[PDB]
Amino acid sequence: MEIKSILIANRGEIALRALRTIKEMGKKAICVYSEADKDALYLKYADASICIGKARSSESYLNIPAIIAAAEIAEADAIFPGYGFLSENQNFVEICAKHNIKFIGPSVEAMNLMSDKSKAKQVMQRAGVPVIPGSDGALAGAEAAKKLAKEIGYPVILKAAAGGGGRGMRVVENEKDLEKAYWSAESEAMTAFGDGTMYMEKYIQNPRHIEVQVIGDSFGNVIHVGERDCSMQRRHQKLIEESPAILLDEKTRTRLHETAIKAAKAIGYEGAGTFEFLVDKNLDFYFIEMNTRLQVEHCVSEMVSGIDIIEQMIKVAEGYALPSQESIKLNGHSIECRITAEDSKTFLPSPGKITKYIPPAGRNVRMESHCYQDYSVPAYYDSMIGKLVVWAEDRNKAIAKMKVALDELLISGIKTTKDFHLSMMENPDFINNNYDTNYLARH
């Protein structure tokens, strides 16, 4: 069921990333833009570009009728959602199907199983996947939370079932703080996502965050493309990602891959997706959630595996079979550094016009960016400049390679996190892999 033309329902670096793969496969790449993004670089490269609305950028790109009408006028027979925006919108996936447009991504059934994080955990217990101890499904309210927290033991973390981007979570150390924390997370979740359902889990001290990339196809096969360590986090936001996660010994790594493949087959998962785990000092691992879409840091997995994940997403959507797991060879080490237009100490946005742009290059350096000299970055809305990705034979060489690349990135007119990443590459804790999700919080 060949796809001939694909509309990219997204913007920024992922639009350009997708465009490149789409055009290499000989398919047509259709782009959309709000009036704010009319200077976007990939608009120059696309087979057609459709203006989909007002520069309330967040808005227009979420305007389902506009995206649909663009697919139809442009005669796209498929939509690639990327990440953010409409990629996890169940209503969009259904609507696409009603217009006989192929959503590249999983079925609504699977997306629905994992969309509420407390239920997702129950679905995983049924599949025999380890989860953090906590509430069994959602909390009835602040008084069920008090009861539960005493049984589990403090500290605990309250989490929004409908939560994302680290919003709607509160770590609670003593019972005397609980009620306040509950209602603070409830309010934030209510306003942010329209759903204030909370669940509770044990708060793991200094966990490593480790995720497994899978892709599933229409025949029930599911492969893994290795695991990524995303522990270097500021305020629960990922700054630096790596594959493989060297913390893991071979045996644990195999357990984790197998666990993730099993979870995917259990829910009928098709397309690209990621299972996130927390790993404690025991090297015990716990499922915390599944992302039902491609993620920002997928490039790290591409450089160790030699797979084009977006190409596989497209082939799976066309009815093709994935390659055998035995053909996937993971090699060497890959690091990604997110370059954003923020001050490297405060992480406060730094919008403005780029007056000089000289991106790094070289063997096994991949700068994923839609930016260029004279481009204006609207940092309030997407401070992302680009992802700097390197690959080497081992971790030390990847770190040395990343530092040379970062040094070669020349950007004027705005501040960037470049200096944050450079000082991280030189930080003995980073070099020695002695850190965790709260490392930045205590430095």
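Residues carry their position along the shown sequence, with the first being 1.
- In this crystal structure, the stretch out of 295 to 303 and 266 to 274 whose C-alpha atoms carry the higher mean B factor is 266 to 274.
- Note on 256 to 264 vs 142 to 150: mean CA B-factor is higher in 142 to 150.
- The residue among 221, 312, 213, 115 whose C-alpha carries the highest B-factor in the deposited model is 115.
- Between the residues 108, 162, 341, 240, the entry's highest C-alpha temperature factor is the one at 108.
- In the deposited entry, the Cα temperature factor of residue 345 sits in the middle third of values across the chain's modelled residues.
- Sorting the modelled residues of the chain by their CA temperature factor places residue 377 in the highest third.
- When all modelled residues of the chain are sorted by CA temperature factor, residue 21 is found within the lowest third.
- The PDB entry assigns residue 412 a C-alpha temperature factor belonging to the middle third of its chain's modelled residues.
- Sort the modelled residues of the chain by CA B factor and residue 197 lands in the highest third.
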